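To keep things clear, I will list the structure first and then write my remarks on it.
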Amino acid sequence: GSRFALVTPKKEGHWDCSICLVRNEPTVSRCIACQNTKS
Amino acid sequence: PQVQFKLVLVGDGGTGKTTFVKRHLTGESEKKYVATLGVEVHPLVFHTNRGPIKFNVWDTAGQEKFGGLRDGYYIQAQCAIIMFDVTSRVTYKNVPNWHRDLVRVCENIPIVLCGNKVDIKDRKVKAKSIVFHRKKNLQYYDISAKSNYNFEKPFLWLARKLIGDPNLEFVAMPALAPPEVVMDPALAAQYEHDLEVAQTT
Ligand SMILES: Nc1nc2c(ncn2[C@@H]2O[C@H](COP(=O)(O)OP(=O)(O)O)[C@@H](O)[C@H]2O)c(=O)[nH]1
Ligand SMILES: [Mg+2]
Ligand SMILES: [Zn+2]
Numbered sequence: 003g004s005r006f007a008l009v010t011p012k013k014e015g016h017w018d019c020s021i022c023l024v025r026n027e028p029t030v031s032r033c034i035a036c037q038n039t040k041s
Numbered sequence: 018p019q020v021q022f023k024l025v026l027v028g029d030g031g032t033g034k035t036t037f038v039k040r041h042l043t044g045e046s047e048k049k050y051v052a053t054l055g056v057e058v059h060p061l062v063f064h065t066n067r068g069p070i071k072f073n074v075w076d077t078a079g080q081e082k083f084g085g086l087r088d089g090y091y092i093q094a095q096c097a098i099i100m101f102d103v104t105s106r107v108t109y110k111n112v113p114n115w116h117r118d119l120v121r122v123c124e125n126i127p128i129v130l131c132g133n134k135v136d137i138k139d140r141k142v143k144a145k146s147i148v149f150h151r152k153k154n155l156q157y158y159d160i161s162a163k164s165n166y167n168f169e170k171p172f173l174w175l176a177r178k179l180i181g182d183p184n185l186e187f188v189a190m191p192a193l194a195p196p197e198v199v200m201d202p203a204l205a206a207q208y209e210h211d212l213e214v215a216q217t218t
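Protein chains in written order, with this note's numbering: chain A, 3 to 41; chain B, 18 to 218.
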């Protein structure tokens, strides 16, 4: 339980697409799923 | 900064995918429309004994009725639900096509097979006929979207697989839309029994 609280995603430069919520790598500026530009 | 998974919800049109995802009230109020792909992403929070988990469930806008879905719909999926309608054999017959299209893009992600609409007395696809999951390392559940029957079970199984914790539990059910039909408790027990004796055979 508390001793094993799920670890938060540690994401440096990775971004969550604001349109479809897919996680993208720091290098790309366009979401690999919905193809919208980072926002 | 929260734990979340992309879950793709696939199956023949008319099997109840939209009705099913919509039971989760907060996932409906906070849903997000993806205009490029024609998708509504429902963020479904479940509260486990180790903290909250969010399933971002991708619901189609009906395009599955006229052809296959585009790659982008499947991209970066981390789990899946394949649904069919137990009152329509053809929707069960097409399950292998959906599974194939899934693993082509996503490979060996955990998948749950769901037979929907078991509230309807005149059931066509019965436990004895449901065997595709046994062949492919998939879990199966009967479900009735309109009565919330077994709503949490696909998500609990997926959560245990994704986290790697067979003792993961939901500390409470999510807030769900009130049932529109009653699921007969005896029919439910009968069906649960039918699935057990078929796992043995
Ligand atoms: N009796 C019963 N009807 C359902 C259930 N789920 C969906 N239906 C109906 O099946 C029809 C198709 O529903 P829908 O969610 O749009 O299917 P989808 O095309 O796969 O998204 C609709 O008329 C639903 O009301 C269920 O669990 N029980
Ligand atoms: Mg639909
Ligand atoms: Zn996106």
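Cβ coordinates follow ideal geometry from the N, Cα and C atoms, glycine included.
At least one heavy atom of ligand 1 lies closer than 7 Å to the C-beta of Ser161/B. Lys138/B is classed as exposed because its beta carbon has fewer than 16 other beta carbons within 10 Å across all chains shown. The Cβ atoms of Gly132/B and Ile98/B lie no closer than 8 Å to each other. Against chain B, the CB of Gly3/A has a partner CB under 8 Å away; the residue lies at that interface. For the region 80 to 100 of chain B, the beta-carbon criterion of a distance under 7 Å to any beta-carbon of chain A is satisfied by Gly89, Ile92 and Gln93. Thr36/B sits in a helix when the DSSP states are folded into three classes. Within the region 69 to 99 of chain B, the complete alpha helix (DSSP H) segments of 4 residues or longer fall at 88 to 91, listed in chain order. For ligand 1, a non-hydrogen atom lies closer than 7 Å to the CB of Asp136/B.
Those residues of the region 11 to 23 of chain A placed with their C-beta closer than 7 Å to a C-beta in chain B are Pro11, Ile21, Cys22 and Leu23, ordered along the chain.
Residue contact check for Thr53/B against chain A: a CB pair falls below 8 Å. Bridge pairing for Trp17/A: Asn26/A [DSSP].
The beta strand (DSSP E) runs lying completely inside the region 120 to 168 of chain B and spanning 3 residues or more are 128 to 133 and 156 to 159, given in chain order. When the alpha-carbon of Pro113/B is set against those of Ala206/B, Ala203/B, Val27/B and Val214/B, the nearest one is in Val27/B. Bounds of any beta strand (DSSP E) do not take in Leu185/B, whose DSSP letter is neither H nor E. Under the DSSP assignment, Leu26/B falls in the beta strand (DSSP E) whose first and last residues are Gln21 to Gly28. Taking a beta-carbon distance threshold of 8 Å, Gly68/B counts as an interface residue toward chain A.
Restricting attention to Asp102/B, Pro127/B and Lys153/B, the CA atom closest to the CA of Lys143/B is found in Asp102/B.
Counting the other CB atoms within 10 Å of its CB gives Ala78/B a total below 16, which places it among the exposed residues. In the structure shown, the three-state DSSP call for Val103/B is coil.
A Cβ of chain A is located within less than 8 Å of the beta carbon of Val58/B.
Between the alpha carbons of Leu185/B and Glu209/B lies a gap of roughly 22 Å.
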